[PDB]
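Working notes, structure below.
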There are 2 protein chains.
Amino acid sequence: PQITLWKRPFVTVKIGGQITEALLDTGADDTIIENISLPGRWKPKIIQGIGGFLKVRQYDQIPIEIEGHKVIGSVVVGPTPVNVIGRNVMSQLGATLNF
Amino acid sequence: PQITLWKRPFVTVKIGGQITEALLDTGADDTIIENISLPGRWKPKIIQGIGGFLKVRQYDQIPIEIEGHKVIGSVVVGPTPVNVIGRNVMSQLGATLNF
Ligand SMILES: COc1ccc(S(=O)(=O)N(CC(C)C)C[C@@H](O)[C@H](Cc2ccccc2)NC(=O)O[C@H]2CO[C@H]3O[C@@H]4OCC[C@@H]4[C@H]32)cc1
Ligand SMILES: [Cl-]
Ligand SMILES: [Cl-]
């Protein structure tokens, strides 16, 4: 797609088989999802944001399906006001910002 | 431009006459800059992101120049780990995310 930015750029995604909605976020290095549960081992990440840091779970090697594209990536699970798809996923799509 | 996303999408911007560097951030509604000083009245604001909220100041009617484009927008001044250009500016450029 070609997505305009006069509203928040939400997309439906499937992450580890779980369908959720998330914001395409070029300011996020990582993909951060609150409302999913993933199985297995994870690595504590102190993740940083505008409000401070928090301790979360980094899960690796997760299947991610977005607008027909199928990629593998790391997914951070923890509290976030909105789920975000970061550049670790968008760069695998070849996504660009255009103006 | 067409900007890829395998590194952070920083651009040089002039805000209120001040040149700084900022991240093009589709997950930011607003433009948040730490290292500038703007004159005059402002509105207190609270914004929320990963890690919680933070209190900031909102200046209106600020001239913003980015890659040859000249727009007027509101600018939030306050602590942010990275300066971000949000959709309030990018939508005025007709920017799109493409993949
Ligand atoms: C209302 O208007 C707003 C309100 C909120 C924000 S924000 O900065 O909180 N944020 C909104 C988003 C959480 C829905 C914009 C994001 O693009 C921030 C922008 C941001 C960047 C860096 C630091 C703080 C904020 N990115 C961010 O929180 O990234 C996290 C996740 O991945 C990591 O990459 C980043 O780089 C390493 C740390 C962060 C981690 C901006 C304008
Ligand atoms: Cl990844
Ligand atoms: Cl504005």
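Ordered as shown in the structure tokens, chains take letters A, B, and onward, while each chain numbers its residues from 1 and ligands are numbered from 1 in the order shown.
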Taking 6 positions as the minimum chain separation for residues in the same chain, which residues sit within 6 Å of range 60-62 of chain B when counting only C-alpha atoms? Answer as a PyMOL selection string.
chain B and resi 16+72-74
Selected residues, N, CA, C and O atoms, written as an mmCIF file, in the first residue's frame, please.
data_model
loop_
_atom_site.group_PDB
_atom_site.id
_atom_site.type_symbol
_atom_site.label_atom_id
_atom_site.label_comp_id
_atom_site.auth_asym_id
_atom_site.auth_seq_id
_atom_site.Cartn_x
_atom_site.Cartn_y
_atom_site.Cartn_z
ATOM 1 N N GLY B 16 11.327 27.545 13.838
ATOM 2 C CA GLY B 16 11.450 28.877 14.417
ATOM 3 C C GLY B 16 12.817 29.479 14.150
ATOM 4 O O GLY B 16 13.373 30.160 15.024
ATOM 5 N N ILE B 72 3.643 25.770 8.449
ATOM 6 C CA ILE B 72 3.380 26.284 9.786
ATOM 7 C C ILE B 72 2.791 25.171 10.628
ATOM 8 O O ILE B 72 1.900 24.441 10.183
ATOM 9 N N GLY B 73 3.300 24.975 11.855
ATOM 10 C CA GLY B 73 2.698 23.948 12.689
ATOM 11 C C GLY B 73 2.911 24.249 14.155
ATOM 12 O O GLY B 73 3.638 25.154 14.533
ATOM 13 N N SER B 74 2.253 23.476 15.012
ATOM 14 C CA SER B 74 2.527 23.508 16.420
ATOM 15 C C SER B 74 3.734 22.638 16.765
ATOM 16 O O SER B 74 3.935 21.596 16.153
#
For chain B, report every residue with an atom at most 6 Å from chain A (counting only C-alpha atoms), formatted as number ranges by chain.
B: 1-6, 25-27, 49-54, 80, 91, 95-99
Those same residues, written as a compact mmCIF listing (two decimals), in the first residue's frame with N, CA and C atoms?
# COMPACT_ATOMS: atom_id res chain seq x y z
N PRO B 1 11.84 13.48 -0.97
CA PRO B 1 12.65 12.27 -0.97
C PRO B 1 11.86 10.97 -0.84
N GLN B 2 12.56 9.87 -1.09
CA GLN B 2 12.17 8.51 -0.77
C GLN B 2 13.13 8.02 0.30
N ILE B 3 12.66 7.82 1.52
CA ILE B 3 13.58 7.50 2.60
C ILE B 3 13.39 6.07 3.05
N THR B 4 14.41 5.25 2.98
CA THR B 4 14.35 3.91 3.51
C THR B 4 14.46 3.90 5.05
N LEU B 5 14.25 2.70 5.59
CA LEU B 5 14.00 2.60 7.04
C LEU B 5 14.91 1.56 7.69
N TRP B 6 15.99 1.18 6.96
CA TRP B 6 16.98 0.28 7.58
C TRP B 6 17.94 1.03 8.53
N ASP B 25 8.72 10.58 12.25
CA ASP B 25 8.10 9.58 13.15
C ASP B 25 6.63 9.42 12.90
N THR B 26 6.26 8.39 12.14
CA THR B 26 4.84 8.20 11.83
C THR B 26 4.00 7.77 13.04
N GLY B 27 4.65 7.30 14.10
CA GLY B 27 3.87 6.99 15.30
C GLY B 27 3.69 8.16 16.25
N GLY B 49 3.52 7.90 25.98
CA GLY B 49 4.21 6.99 25.11
C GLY B 49 4.63 5.76 25.92
N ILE B 50 5.54 5.02 25.39
CA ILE B 50 6.11 3.89 26.14
C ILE B 50 6.79 4.47 27.37
N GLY B 51 6.49 3.83 28.51
CA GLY B 51 7.14 4.19 29.75
C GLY B 51 6.35 5.21 30.54
N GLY B 52 5.26 5.72 29.94
CA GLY B 52 4.40 6.64 30.68
C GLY B 52 4.26 7.99 30.02
N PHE B 53 3.72 8.94 30.78
CA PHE B 53 3.48 10.28 30.24
C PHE B 53 4.66 11.21 30.51
N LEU B 54 4.65 12.33 29.77
CA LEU B 54 5.47 13.45 30.21
C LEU B 54 4.80 14.78 29.82
N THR B 80 12.87 14.81 25.40
CA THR B 80 12.51 13.68 24.58
C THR B 80 13.87 13.07 24.27
N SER B 91 1.86 15.18 7.52
CA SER B 91 0.65 15.21 6.70
C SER B 91 0.60 16.47 5.85
N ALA B 95 3.13 13.38 2.98
CA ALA B 95 4.00 12.19 3.07
C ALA B 95 3.20 10.91 3.15
N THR B 96 3.78 9.87 2.60
CA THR B 96 3.15 8.54 2.61
C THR B 96 4.20 7.49 3.02
N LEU B 97 3.67 6.41 3.62
CA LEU B 97 4.46 5.20 3.85
C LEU B 97 4.10 4.24 2.73
N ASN B 98 5.13 3.69 2.10
CA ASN B 98 4.95 2.85 0.93
C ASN B 98 5.60 1.49 1.09
N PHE B 99 4.90 0.39 0.77
CA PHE B 99 5.60 -0.91 0.72
C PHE B 99 4.78 -1.88 -0.16
Quick one: everything within 7 Å of range 42-45 of chain A, counting only C-alpha atoms, minus sequence neighbours fewer than 6 positions away in the same chain. Send it as a PDB file with C-alpha atoms, in the first residue's frame.
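In the end it all went to out_17.pdb:
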ATOM      1  CA  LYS A  55      11.229  -4.130  31.872  1.00  0.00           C
ATOM      2  CA  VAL A  56       9.634  -6.269  29.124  1.00  0.00           C
ATOM      3  CA  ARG A  57      10.075  -9.595  27.227  1.00  0.00           C
ATOM      4  CA  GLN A  58      11.919  -9.763  23.885  1.00  0.00           C
ATOM      5  CA  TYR A  59      10.832 -12.773  21.879  1.00  0.00           C
TER       6      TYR A  59
END
Please identify which residues in range 43-91 of chain A DSSP calls strand (DSSP E or B) from the backbone, and express them as a PyMOL selection string.
chain A and resi 43-49+52-66+69-77+84-85
Expressed in Å to a single decimal, how great is the separation between CA of residue 33 in chain B and CA of residue 15 in chain B?
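Answer for the CA of residue 33 in chain B to CA of residue 15 in chain B separation: 9.2 Å.
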Report the distance between CA of residue 22 in chain A and CA of residue 21 in chain B in Å, rounded to one decimal place.
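Distance reported for this atom pair: 26.9 Å.
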Point-to-point distance in Å for atom 7 (S, counted along the ligand's line) of ligand 1 and CA of residue 70 in chain B:
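These atoms are spaced 23.8 Å apart.
With distances taken over only C-alpha atoms, B:77 is the one residue among B:77, B:66, B:13, B:19 lying closest to residue 46 in chain B.
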